[PDB]
Amino acid sequence: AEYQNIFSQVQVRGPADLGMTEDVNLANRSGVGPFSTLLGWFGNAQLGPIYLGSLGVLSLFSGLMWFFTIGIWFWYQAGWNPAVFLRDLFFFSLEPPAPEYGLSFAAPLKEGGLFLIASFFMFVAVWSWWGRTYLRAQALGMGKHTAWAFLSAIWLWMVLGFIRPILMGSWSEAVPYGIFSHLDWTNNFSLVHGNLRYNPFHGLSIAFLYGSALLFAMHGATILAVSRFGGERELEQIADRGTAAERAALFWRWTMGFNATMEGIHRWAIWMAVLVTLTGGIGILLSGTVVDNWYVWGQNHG
Amino acid sequence: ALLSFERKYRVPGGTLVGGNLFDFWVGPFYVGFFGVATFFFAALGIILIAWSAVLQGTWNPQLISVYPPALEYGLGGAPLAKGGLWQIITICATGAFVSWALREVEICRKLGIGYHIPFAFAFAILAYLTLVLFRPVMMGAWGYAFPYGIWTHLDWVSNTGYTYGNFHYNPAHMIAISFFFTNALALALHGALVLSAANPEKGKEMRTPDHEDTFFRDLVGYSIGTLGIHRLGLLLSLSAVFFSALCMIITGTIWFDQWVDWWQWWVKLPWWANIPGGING
Amino acid sequence: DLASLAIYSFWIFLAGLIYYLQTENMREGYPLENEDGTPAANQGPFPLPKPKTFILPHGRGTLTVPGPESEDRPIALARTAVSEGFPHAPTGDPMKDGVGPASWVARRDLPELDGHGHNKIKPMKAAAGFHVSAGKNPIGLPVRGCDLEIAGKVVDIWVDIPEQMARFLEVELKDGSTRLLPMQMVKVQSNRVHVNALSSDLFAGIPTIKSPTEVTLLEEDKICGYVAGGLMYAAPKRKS
Ligand code: BCL
Ligand code: BCL
Ligand code: BCL
Ligand code: BCL
Ligand SMILES: CC[C@H]1c2cc3[nH]c4c(c3C)C(=O)[C@H](C(=O)OC)c4c3nc(cc4[nH]c(cc(n2)[C@@H]1C)c(C(C)=O)c4C)[C@@H](C)[C@@H]3CCC(=O)OC/C=C(/C)CCC[C@@H](C)CCC[C@H](C)CCCC(C)C
Ligand SMILES: CC[C@H]1c2cc3[nH]c4c(c3C)C(=O)[C@H](C(=O)OC)c4c3nc(cc4[nH]c(cc(n2)[C@@H]1C)c(C(C)=O)c4C)[C@@H](C)[C@@H]3CCC(=O)OC/C=C(\C)CCC[C@H](C)CCC[C@H](C)CCCC(C)C
Ligand SMILES: COC(C)(C)C(=O)C/C=C(\C)CC/C=C(\C)CC/C=C(\C)CCCC/C(C)=C/CC[C@H](C)CC/C=C(\C)CCC=C(C)C
Ligand SMILES: CCCCCCCCCCCC[N+](C)(C)[O-]
Ligand SMILES: CCCCCCCCCCCC[N+](C)(C)[O-]
Ligand SMILES: CCCCCCCCCCCC[N+](C)(C)[O-]
Ligand SMILES: CCCCCCCCCCCC[N+](C)(C)[O-]
Ligand SMILES: [Fe+3]
């Protein structure tokens with residue numbers, strides 16, 4: 001038996017690390033949570049601290065309001081019976097207003113008004129969280145890559161529940177809040193648009209999703225393979241190339257004819273992943289607004 | 001040609017078969033015995049596909065399609081033009097994939113690195129084998145495998161899924177999708193993190209791993225660490241493909257009815273099956 | 001229509017993206033060379049990117065890449081063939097010489113620093129508050145080589161402070177001197193630490209460190225290279 005570095009063999013602990021200060025207002029950082037031996041076999045044992053400022057509290061509050069609003073509706077549909085709640089949990093659903101109400105907010109609470117309320121809370125929760133990812137990086141003097149990447153996921157979410165419904169003229173086009181119902185909505189959206197298998201953006205989206213798994217398997221395995229030379233210390237390998245970065249590069253050059261750099265592989269990574277929702281949001285946005293049937297569109301334009 | 005730092009690593013040894021016979025490179029490419037086996041299996045497979053294209057009457061790349069034997073042949077041989085080509089190409093594909101993996105092992109040995117890459121790749125091979133070999137054998141015919149064509153393999157995806165209703169209801173498929181989406185999430189964050197540390201606001205010095213941990217604790221109260229994110233990426237990816245293979249191995253074999261109906265086992269649990277109200281009462 | 005315009009645009013964006021990505025990945029190791037060290041004729045269709053400069057933390061300077069590159073060390077190998085593409089044989093002892101899988105890079109002979117400017121890795125005895133919190137504590141166990149002979153004993157654990165992880169075991173040999181062993185190349189067992197990459201007579205050859213309380217990037221590379229090198233070069237002495 002040879003050691004693979006999937007799990008640590010020995011754990012080591014020292015004083016809780018309160019982290020870098022840079023320009024962070026420290027009054028807003030909680031204290032350190034407990035240490036998790038369980039987590040420590042795979043990654044870091046330390047829980048906390050966390051930064052909770054105005055934007056953080058706002059986001060956490062809206063977030064819960066969103067979750068609770070869907071939750072009471074589920075309780076309501078379950079007739080307040082706990083047994084029925086657990087039984088039919090995946091079948092419940094908070095649906096958007098019917099098509100007749102268009103884009104208005106007049107819809108009675110019980111028929112889509114509550115849906116719009118939950119969505120409003122979700123909208124604030126997510127956007128404030130985005131502002132938070134930007135600001136937490138700024139305070140540390142870091143680049144804004146995280147915020148830019150998060151924005152790609154927000155694009156798909158925005159198109160699905162906001163932009164597309166607007167452009168189509170009604171909130172009835174939005175995704176319903178339910179486990180099984182959003183799946184049914186997914187299958188239905190494809191059927192209604194002539195089958196998404198004919199949407200070129202959908203196929204690209206798939207290539208990036210699959211590519212993302214291919215790439216992280218490749219990347220993840222490469223780094224563990226060279227961890228015996230300190231490979232996971234990527235920032236320093238970028239500043240002063242070691243044998244870890246050289247054998248990582250050569251493995252691939254010898255296998256497939258080309259290679260990356262320690263910094264470069266992270267650019268391939270961020271783009272592979274971001275392209276998933278970027279292409280996806282374009283493909284969905286065009287559906288029903290510009291292209292009614294993808295099969296039809298493909299027999300002409302192609 | 002060589003990378004500026006490459007010469008010191010191009011030493012003899014590490015091969016699994018053939019000693020020093022195939023111990024050499026062609027430009028950037030390492031050869032080895034398995035590089036030779038790969039070429040053989042790949043060339044043969046490409047020839048057979050070309051041949052299949054003449055018998056089909058089209059050289060159009062997005063029309064070419066090599067179909068597996070019809071269900072009536074069971075698990076036996078089939079005339080070339082009616083699935084035997086598909087059978088041979090499959091043997092060739094398998095040969096090439098396995099050979100590629102083994103060639104990865106020899107590169108690993110020469111470089112003195114761990115075998116994680118080839119190990120990980122073997123999960124992709126297993127997914128492939130699950131669709132063209134394990135599921136078909138278990139179901140009783142080669143006809144359940146997917147065809148070799150750019151667009152026709154997609155038709156098989158839709159047709160197979162819809163045979164069980166809305167395939168979204170396969171519970172193993174749900175888990176698999178979760179790993180896929182979680183993987184892309186982790187890949188974007190990982191890429192973004194390292195880059196944000198290496199490329200800080202204009203004029204500032206490069207950040208450190210400690211700023212990376214700090215950024216993540218500030219944001220969500222936890223940082224898995226530099227080693228841990230690499231172990232995680234590996235796990236997420238492999239898990240996605242493992243669950244994918246599983247979702248398909250059990251479809252058409254232990255479960256052949258509509259996937260939505262499988263969830264009735266939960267709704268009709270004795271302690272709540274008959275309580276009025278909700279959606280299912 | 002609009003969808004066709006979008007998809008066509010998208011394919012053009014993608015080609016520019018691949019171009020940018022590939023050029024960013026040529027910041028190290030290029031230009032390509034012939035086996036003799038001179039610039040190769042055919043560099044490929046992608047040009048070298050405009051240099052970028054990294055400002056290193058803690059007054060360590062800058063790094064500009066792509067930049068002039070050299071091994072900055074002698075390479076003990078010789079050609080085995082008259083044409084390009086064959087292996088280069090070690091001219092002496094590959095472990096000693098630092099070639100093949102025993103290779104090391106001439107990184108800076110300074111220790112990696114944490115965000116506060118202190119040594120990232122330190123022996124546990126000098127790291128206030130650090131103790132083994134889970135798993136078998138290796139400190140005190142005998143260390144066995146692939147030849148099944150005992151080569152020494154573990155006297156400490158070198159830990160990465162910021163990442164709170166064990167990176168090396170400090171092992172004491174028959175003569176009383178110590179050596180560092182990478183945590184990734186040892187197997188901690190209940191009554192011993194097992195080392196597959198090296199036989200007992202090769203432990204003394206592990207490169208030593210200058211200061212006893214710190215390790216430089218250059219030393220980590222020499223030590224890690226040498227140990228990984230044993231998988232190939234100590235093979236004759238490995239049992240089963
Ligand atoms: C995995 C589950 C289903 C399936 C479901 C889908 C769905 C759904 C879609 C695809 C799509 C694709 N599939 Mg498929 N696909 C399956 C099995 C395969 C196998 C296989 C041997 O198992 C192969 C080679 C492919 C290959 C492909 C590509 C043609 C295309 C882009 C994939 C991608 O970017 O991935 C990630 C990998 C990378 C980014 C690395 C680059 C890989 C390249 C692009 C592969 C090209 C090979 C191809 C041209 C054929 C090789 C020819 C021989 C050399 C002669 N599929 C199984 C049957 N596949 C998408 C499509 O656009 O098809 C038109 C699509 O929407
Ligand atoms: C992309 C096309 C469809 C779609 C198609 C599918 C398909 C197909 C599947 C899912 C699956 C899931 N989808 Mg969906 N999904 C869409 C848009 C969304 C949105 C969104 C805000 O836009 C959300 C929150 C979800 C939420 C979810 C999760 C319930 C589940 C696993 C997701 C995941 O692993 O992420 C990874 C992220 C994390 C690990 C972080 C958070 C993880 C947890 C699970 C967060 C869930 C949020 C919350 C609402 C959970 C509800 C809890 C209830 C008490 C049970 N979907 C769009 C409309 N989705 C799978 C499933 O199991 O359905 C049951 C599945 O098979
Ligand atoms: C029967 C259904 C149709 C179909 C209908 C759809 C529809 C409809 C859609 C997709 C979409 C996608 N499909 Mg499709 N799809 C089919 C067949 C396939 C096949 C297959 C094997 O054949 C595959 C591999 C895919 C794969 C994919 C993905 C590439 C893509 C979603 C990417 C994503 O990451 O979203 C997951 C990521 C997001 C939804 C972004 C979420 C971001 C937000 C901000 C998160 C909020 C979190 C919230 C606050 C809760 C927090 C919880 C935490 C615990 C805190 N489809 C068939 C043909 N598919 C989507 C698309 O892009 O198409 C172009 C989409 O809308
Ligand atoms: C209408 C269709 C049904 C449906 C029916 C199916 C069916 C049917 C299948 C899936 C499978 C999958 N589906 Mg589904 N699926 C639907 C909707 C979705 C949605 C969505 C958002 O709605 C999503 C996200 C998914 C997601 C997924 C994935 C979990 C899984 C595909 C990845 C995989 O298996 O890789 C595994 C990876 C591979 C097999 C690739 C192997 C590559 C080999 C080893 C090497 C290739 C070498 C190459 C030839 C070399 C080229 C060389 C040079 C580049 C030329 N489905 C709808 C509801 N789904 C598939 C699956 O689980 O398969 C096991 C499957 O068969
Ligand atoms: C590039 C494409 C992928 C991507 C990228 C991506 N996502 C991201 C980012 C990036 C780069 C972030 O930076 C951001 C993030 O911050 O990650 C940590 C985010 C993120 N992606 C998330 C989820 C997510 N991403 C998804 C998808 C994807 N994201 C893509 C695959 C999905 C899918 C697949 O559906 C999901 C579900 C979040 C973890 C995070 C953004 C979080 C956010 O906006 O928060 C809203 C605020 C809240 C507080 C909501 C709270 C809701 C409750 C469920 C909390 C728990 C309730 C509790 C159990 C009740 C307690 C009872 C009371 C008494 C207390
Ligand atoms: C397990 C996790 C994921 C993963 C990981 C992974 N893949 C990998 C690796 C790893 C770690 C490698 O090391 C290896 C690699 O070298 O990448 C560069 C590989 C690889 N993954 C590849 C593709 C690939 N991986 C995929 C999937 C995944 N790979 C997973 C999501 C997919 C999907 C999602 O569809 C594809 C298309 C190759 C780029 C590469 C392996 C290349 C190789 O095996 O070369 C040998 C073979 C040939 C030169 C061609 C042989 C030709 C055949 C004989 C005939 C053609 C038959 C074929 C069935 C046609 C099908 C037509 C289609 C339209 C259906
Ligand atoms: C235990 O019981 C209690 C009560 C304690 C609970 O809390 C339990 C609660 C649960 C059971 C909650 C369950 C919640 C679900 C299962 C959630 C699932 C949600 C989905 C699967 C969501 C999928 C997709 C949703 C999307 C795409 C939403 C997009 C929203 C928008 C983009 C926002 C749009 C904004 C709107 C329309 C309002 C605009 C108005 C303005 C003024 C700007
Ligand atoms: C950044 C990585 C780039 C990888 C690009 C891979 C693209 C594969 C081609 C998919 C073809 C799709 N389709 C049918 C939608 O046109
Ligand atoms: C949903 C992704 C991020 C949510 C995780 C945030 C956890 C909130 C921690 C609350 C504990 C904090 N407090 C109040 C003690 O400071
Ligand atoms: C052929 C012209 C195509 C125009 C688009 C080219 C894609 C540029 C890639 C993004 C550049 C990245 N960067 C440095 C800002 O991160
Ligand atoms: C979808 C990803 C496609 C990858 C395409 C990248 C092109 C590879 C060119 C690298 C050639 C470099 N080399 C050998 C001259 O150094
Ligand atoms: Fe990395």
# chains A, B, ... in the order shown; residues from 1 in each chain; ligands from 1
$ closest_atom_pairs --of "chain B" --to "chain A" --cutoff "6 Å" --atoms "only C-alpha atoms" --output "Markdown table"
| residue | atom | partner | partner_atom | distance |
| --- | --- | --- | --- | --- |
| B:28 | CA | A:257 | CA | 5.2 |
| B:29 | CA | A:254 | CA | 4.5 |
| B:30 | CA | A:254 | CA | 4.9 |
| B:113 | CA | A:225 | CA | 5.3 |
| B:114 | CA | A:225 | CA | 4.1 |
| B:116 | CA | A:221 | CA | 5.0 |
| B:117 | CA | A:221 | CA | 5.2 |
| B:184 | CA | A:273 | CA | 5.3 |
| B:188 | CA | A:270 | CA | 4.7 |
| B:191 | CA | A:266 | CA | 4.6 |
| B:192 | CA | A:145 | CA | 4.8 |
| B:196 | CA | A:143 | CA | 4.1 |
| B:197 | CA | A:142 | CA | 5.7 |
| B:199 | CA | A:143 | CA | 5.8 |
| B:200 | CA | A:143 | CA | 4.4 |
| B:201 | CA | A:143 | CA | 5.4 |
| B:214 | CA | A:19 | CA | 5.4 |
| B:217 | CA | A:50 | CA | 5.4 |
| B:218 | CA | A:51 | CA | 4.4 |
| B:221 | CA | A:50 | CA | 4.3 |
| B:222 | CA | A:47 | CA | 5.5 |
| B:224 | CA | A:43 | CA | 4.9 |
| B:225 | CA | A:44 | CA | 5.8 |
| B:226 | CA | A:232 | CA | 5.9 |
| B:227 | CA | A:232 | CA | 5.6 |
| B:228 | CA | A:43 | CA | 4.4 |
| B:230 | CA | A:220 | CA | 4.5 |
| B:233 | CA | A:216 | CA | 5.4 |
| B:234 | CA | A:217 | CA | 4.9 |
| B:237 | CA | A:213 | CA | 5.1 |
| B:267 | CA | A:87 | CA | 5.6 |
| B:278 | CA | A:78 | CA | 4.3 |
$ closest_atom_pairs --of "chain B" --to "ligand 2" --cutoff "6 Å" --atoms "only C-alpha atoms and all ligand atoms" --output "tab-separated table"
residue	atom	partner	partner_atom_place_in_ligand_line	distance
B:168	CA	ligand 2	8 (C)	5.6
B:174	CA	ligand 2	66 (O)	3.4
B:175	CA	ligand 2	62 (O)	5.9
B:177	CA	ligand 2	66 (O)	5.2
B:178	CA	ligand 2	34 (O)	3.7
B:181	CA	ligand 2	36 (C)	5.3
B:182	CA	ligand 2	36 (C)	4.3
$ interface_residues --of "chain C" --to "chain A" --cutoff "7 Å" --atoms "only C-alpha atoms" --output "ChimeraX atom specification"
/C:3-4,21,24-25,28,63,104-105,107,129-137,164-166,182,184-188,221,224
$ write_last_selection --atoms "N, CA, C and O atoms" --output "compact mmCIF listing (two decimals), in the first residue's frame"
# COMPACT_ATOMS: atom_id res chain seq x y z
N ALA C 3 -31.02 34.87 -33.43
CA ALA C 3 -30.38 33.70 -32.84
C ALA C 3 -29.16 33.29 -33.64
O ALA C 3 -28.16 32.86 -33.07
N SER C 4 -29.25 33.39 -34.97
CA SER C 4 -28.12 33.02 -35.81
C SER C 4 -26.95 33.99 -35.60
O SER C 4 -25.80 33.61 -35.68
N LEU C 21 -6.30 32.33 -23.88
CA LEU C 21 -5.99 31.32 -22.90
C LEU C 21 -4.70 30.57 -23.22
O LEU C 21 -3.89 30.31 -22.34
N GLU C 24 -1.77 32.80 -22.56
CA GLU C 24 -1.46 32.99 -21.15
C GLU C 24 -0.72 31.78 -20.60
O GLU C 24 -0.01 31.89 -19.60
N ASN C 25 -0.91 30.60 -21.20
CA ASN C 25 -0.30 29.37 -20.73
C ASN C 25 1.08 29.10 -21.26
O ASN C 25 1.69 28.05 -21.05
N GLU C 28 5.54 30.36 -19.07
CA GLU C 28 6.66 29.62 -18.55
C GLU C 28 7.06 28.51 -19.52
O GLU C 28 6.23 27.87 -20.17
N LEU C 63 8.48 39.48 -10.19
CA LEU C 63 8.65 38.37 -11.11
C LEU C 63 8.04 38.83 -12.44
O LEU C 63 6.91 39.30 -12.42
N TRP C 104 15.00 18.40 -9.32
CA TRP C 104 14.64 19.50 -8.48
C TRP C 104 14.84 20.78 -9.30
O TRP C 104 15.59 20.74 -10.28
N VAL C 105 14.15 21.83 -8.94
CA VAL C 105 14.28 23.11 -9.60
C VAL C 105 14.98 24.08 -8.63
O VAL C 105 14.77 23.98 -7.42
N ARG C 107 14.70 26.83 -7.14
CA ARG C 107 13.81 27.84 -6.58
C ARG C 107 14.65 28.70 -5.64
O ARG C 107 15.80 28.36 -5.31
N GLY C 129 1.39 26.18 20.68
CA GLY C 129 0.01 25.75 20.63
C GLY C 129 -0.32 24.56 19.76
O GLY C 129 -1.34 23.90 19.96
N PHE C 130 0.57 24.21 18.83
CA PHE C 130 0.37 23.11 17.94
C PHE C 130 0.63 21.77 18.58
O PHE C 130 1.66 21.55 19.20
N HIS C 131 -0.33 20.86 18.38
CA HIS C 131 -0.23 19.50 18.87
C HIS C 131 -0.99 18.60 17.85
O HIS C 131 -1.80 19.09 17.07
N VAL C 132 -0.74 17.32 17.93
CA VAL C 132 -1.44 16.34 17.14
C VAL C 132 -2.86 16.18 17.73
O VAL C 132 -3.04 15.70 18.85
N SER C 133 -3.88 16.58 16.97
CA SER C 133 -5.26 16.49 17.40
C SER C 133 -6.05 15.27 17.00
O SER C 133 -7.11 15.05 17.59
N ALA C 134 -5.59 14.44 16.10
CA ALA C 134 -6.30 13.25 15.65
C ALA C 134 -5.34 12.36 14.85
O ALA C 134 -4.36 12.85 14.29
N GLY C 135 -5.59 11.08 14.80
CA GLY C 135 -4.75 10.15 14.10
C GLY C 135 -3.63 9.68 14.99
O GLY C 135 -3.49 10.12 16.13
N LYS C 136 -2.82 8.76 14.49
CA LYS C 136 -1.69 8.26 15.27
C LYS C 136 -0.59 9.32 15.28
O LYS C 136 -0.25 9.89 14.24
N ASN C 137 -0.03 9.64 16.43
CA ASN C 137 1.09 10.59 16.54
C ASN C 137 2.34 9.80 16.11
O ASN C 137 2.61 8.76 16.70
N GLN C 164 -2.52 24.74 8.93
CA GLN C 164 -2.59 23.77 10.01
C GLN C 164 -2.50 22.35 9.48
O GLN C 164 -3.39 21.51 9.71
N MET C 165 -1.37 22.05 8.85
CA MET C 165 -1.22 20.69 8.34
C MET C 165 0.18 20.17 8.50
O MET C 165 1.10 20.96 8.53
N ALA C 166 0.33 18.87 8.68
CA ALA C 166 1.64 18.25 8.77
C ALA C 166 2.24 18.11 7.36
O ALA C 166 1.64 17.51 6.46
N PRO C 182 8.81 14.09 3.29
CA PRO C 182 7.48 14.60 2.93
C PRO C 182 6.38 13.68 3.46
O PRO C 182 6.49 12.45 3.32
N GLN C 184 3.50 13.22 2.35
CA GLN C 184 2.85 12.52 1.24
C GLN C 184 3.58 11.27 0.80
O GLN C 184 2.98 10.51 0.04
N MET C 185 4.79 11.01 1.23
CA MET C 185 5.52 9.82 0.80
C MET C 185 5.74 8.83 1.92
O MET C 185 6.60 7.96 1.81
N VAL C 186 4.98 8.92 3.02
CA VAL C 186 5.20 7.98 4.10
C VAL C 186 3.79 7.44 4.46
O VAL C 186 2.78 8.05 4.16
N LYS C 187 3.82 6.30 5.08
CA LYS C 187 2.63 5.64 5.57
C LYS C 187 2.81 5.47 7.09
O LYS C 187 3.69 4.74 7.58
N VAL C 188 1.96 6.17 7.82
CA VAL C 188 1.99 6.08 9.27
C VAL C 188 1.20 4.84 9.72
O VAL C 188 0.02 4.75 9.44
N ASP C 221 12.36 21.38 -2.61
CA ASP C 221 12.46 20.77 -3.96
C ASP C 221 13.51 19.70 -4.03
O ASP C 221 13.23 18.60 -4.55
N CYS C 224 12.12 16.79 -1.79
CA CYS C 224 10.98 16.08 -2.42
C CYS C 224 11.36 15.37 -3.70
O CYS C 224 10.93 14.22 -3.92
$ select_by_dssp --residues "range 70-288 of chain A" --states "alpha helix (DSSP H)" --output "ChimeraX atom specification"
/A:70-77,82-87,113-138,145-158,164-168,179-192,200-225,234-239,243-256,264-285
$ write_last_selection --atoms "C-alpha atoms" --output "short mmCIF file (atom, residue, chain, number, x, y, z; two decimals), in the first residue's frame"
data_model
loop_
_atom_site.label_atom_id
_atom_site.label_comp_id
_atom_site.auth_asym_id
_atom_site.auth_seq_id
_atom_site.Cartn_x
_atom_site.Cartn_y
_atom_site.Cartn_z
CA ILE A 70 -42.59 29.28 0.40
CA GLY A 71 -42.66 27.21 3.61
CA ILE A 72 -45.86 28.58 5.12
CA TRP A 73 -47.56 28.10 1.74
CA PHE A 74 -46.47 24.46 1.88
CA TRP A 75 -47.97 24.26 5.39
CA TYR A 76 -51.18 25.81 4.11
CA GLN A 77 -51.43 23.32 1.22
CA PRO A 82 -47.37 17.68 9.87
CA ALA A 83 -47.84 14.15 8.54
CA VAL A 84 -49.19 15.45 5.22
CA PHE A 85 -46.42 18.07 5.12
CA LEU A 86 -43.67 15.46 5.23
CA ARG A 87 -45.62 13.08 3.00
CA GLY A 113 -49.37 37.32 -5.16
CA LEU A 114 -47.40 35.29 -2.60
CA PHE A 115 -45.22 34.00 -5.44
CA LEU A 116 -44.16 37.53 -6.32
CA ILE A 117 -43.53 38.28 -2.68
CA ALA A 118 -41.18 35.28 -2.32
CA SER A 119 -39.43 36.27 -5.55
CA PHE A 120 -38.92 39.87 -4.36
CA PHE A 121 -37.22 38.52 -1.24
CA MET A 122 -35.10 36.15 -3.33
CA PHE A 123 -34.03 38.99 -5.59
CA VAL A 124 -32.76 41.08 -2.69
CA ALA A 125 -31.16 38.10 -0.98
CA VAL A 126 -29.14 37.18 -4.07
CA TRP A 127 -28.15 40.64 -5.22
CA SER A 128 -27.02 41.66 -1.73
CA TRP A 129 -25.01 38.44 -1.55
CA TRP A 130 -23.38 39.40 -4.86
CA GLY A 131 -22.50 42.87 -3.46
CA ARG A 132 -21.07 41.08 -0.47
CA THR A 133 -18.76 38.88 -2.63
CA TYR A 134 -17.44 42.02 -4.33
CA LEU A 135 -16.87 43.94 -1.08
CA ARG A 136 -15.25 41.09 0.88
CA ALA A 137 -12.61 40.87 -1.88
CA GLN A 138 -12.07 44.64 -1.96
CA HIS A 145 -12.92 37.29 -10.10
CA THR A 146 -15.33 35.75 -7.63
CA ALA A 147 -17.95 38.46 -8.16
CA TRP A 148 -17.52 38.28 -11.93
CA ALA A 149 -17.89 34.48 -11.93
CA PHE A 150 -20.94 34.68 -9.60
CA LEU A 151 -22.47 37.09 -12.05
CA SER A 152 -22.55 34.31 -14.68
CA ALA A 153 -24.74 32.14 -12.45
CA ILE A 154 -26.95 35.19 -11.68
CA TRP A 155 -27.40 35.71 -15.43
CA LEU A 156 -29.11 32.30 -15.81
CA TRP A 157 -31.21 32.86 -12.67
CA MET A 158 -32.18 36.38 -13.80
CA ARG A 164 -37.63 36.15 -19.81
CA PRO A 165 -41.03 36.53 -18.01
CA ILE A 166 -40.84 40.31 -18.59
CA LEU A 167 -40.07 40.01 -22.31
CA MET A 168 -42.84 37.41 -22.79
CA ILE A 179 -39.06 20.27 -5.92
CA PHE A 180 -41.02 18.15 -8.41
CA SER A 181 -42.77 21.11 -10.02
CA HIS A 182 -39.61 22.87 -11.19
CA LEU A 183 -38.56 19.57 -12.81
CA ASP A 184 -41.97 19.36 -14.52
CA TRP A 185 -41.45 22.96 -15.63
CA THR A 186 -38.07 21.99 -17.11
CA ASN A 187 -39.43 19.10 -19.16
CA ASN A 188 -42.39 21.24 -20.23
CA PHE A 189 -40.25 24.22 -21.34
CA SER A 190 -38.42 21.93 -23.77
CA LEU A 191 -41.59 20.31 -25.18
CA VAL A 192 -43.21 23.68 -25.70
CA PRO A 200 -27.32 25.30 -30.10
CA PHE A 201 -26.72 27.26 -26.88
CA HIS A 202 -28.15 24.34 -24.90
CA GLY A 203 -25.66 21.94 -26.51
CA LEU A 204 -22.75 24.34 -25.82
CA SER A 205 -23.96 24.63 -22.25
CA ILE A 206 -23.75 20.85 -21.94
CA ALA A 207 -20.27 20.74 -23.42
CA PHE A 208 -19.12 23.19 -20.69
CA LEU A 209 -20.89 21.29 -17.89
CA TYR A 210 -19.27 18.06 -18.98
CA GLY A 211 -15.99 19.97 -19.62
CA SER A 212 -16.14 21.38 -16.09
CA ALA A 213 -16.16 17.85 -14.65
CA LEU A 214 -13.48 16.71 -17.03
CA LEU A 215 -11.34 19.73 -16.13
CA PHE A 216 -11.74 19.54 -12.35
CA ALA A 217 -11.07 15.77 -12.45
CA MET A 218 -7.95 16.50 -14.47
CA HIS A 219 -6.87 19.44 -12.31
CA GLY A 220 -7.75 17.91 -8.96
CA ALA A 221 -5.95 14.65 -9.78
CA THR A 222 -2.89 16.52 -11.17
CA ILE A 223 -2.43 18.54 -7.97
CA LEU A 224 -2.80 15.48 -5.74
CA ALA A 225 -0.28 13.67 -7.99
CA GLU A 234 -0.21 27.19 -6.13
CA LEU A 235 0.41 30.87 -5.40
CA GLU A 236 4.08 30.27 -4.61
CA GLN A 237 4.48 27.88 -7.58
CA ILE A 238 3.23 30.79 -9.73
CA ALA A 239 5.81 33.19 -8.22
CA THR A 243 9.39 20.70 -9.75
CA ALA A 244 5.71 20.20 -8.89
CA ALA A 245 4.63 22.69 -11.59
CA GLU A 246 7.16 21.27 -14.07
CA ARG A 247 6.15 17.58 -13.76
CA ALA A 248 2.42 18.67 -13.78
CA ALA A 249 3.02 20.48 -17.09
CA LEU A 250 5.06 17.62 -18.57
CA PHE A 251 2.59 14.93 -17.70
CA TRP A 252 0.09 16.66 -19.95
CA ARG A 253 2.49 17.74 -22.65
CA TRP A 254 3.62 14.12 -23.02
CA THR A 255 0.05 12.81 -22.89
CA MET A 256 -1.72 15.23 -25.23
CA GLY A 264 -2.99 29.47 -16.59
CA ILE A 265 -4.86 26.33 -15.54
CA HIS A 266 -6.97 28.59 -13.27
CA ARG A 267 -8.01 30.73 -16.23
CA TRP A 268 -9.08 27.62 -18.18
CA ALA A 269 -10.97 26.61 -15.03
CA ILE A 270 -12.85 29.82 -14.44
CA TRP A 271 -13.87 30.09 -18.12
CA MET A 272 -14.96 26.43 -18.54
CA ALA A 273 -17.31 26.81 -15.56
CA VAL A 274 -18.65 30.30 -16.30
CA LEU A 275 -19.43 29.44 -19.90
CA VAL A 276 -21.98 26.87 -18.62
CA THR A 277 -24.46 29.49 -17.39
CA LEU A 278 -23.39 32.16 -19.86
CA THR A 279 -24.33 30.15 -22.95
CA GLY A 280 -27.25 28.62 -21.06
CA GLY A 281 -28.84 31.99 -20.19
CA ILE A 282 -28.55 33.08 -23.82
CA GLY A 283 -30.25 29.91 -25.07
CA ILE A 284 -33.15 30.28 -22.62
CA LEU A 285 -33.50 34.02 -23.22
#
$ atom_distance --atom1 "CA of residue 70 in chain C" --atom2 "CA of residue 207 in chain C"
22.5 Å
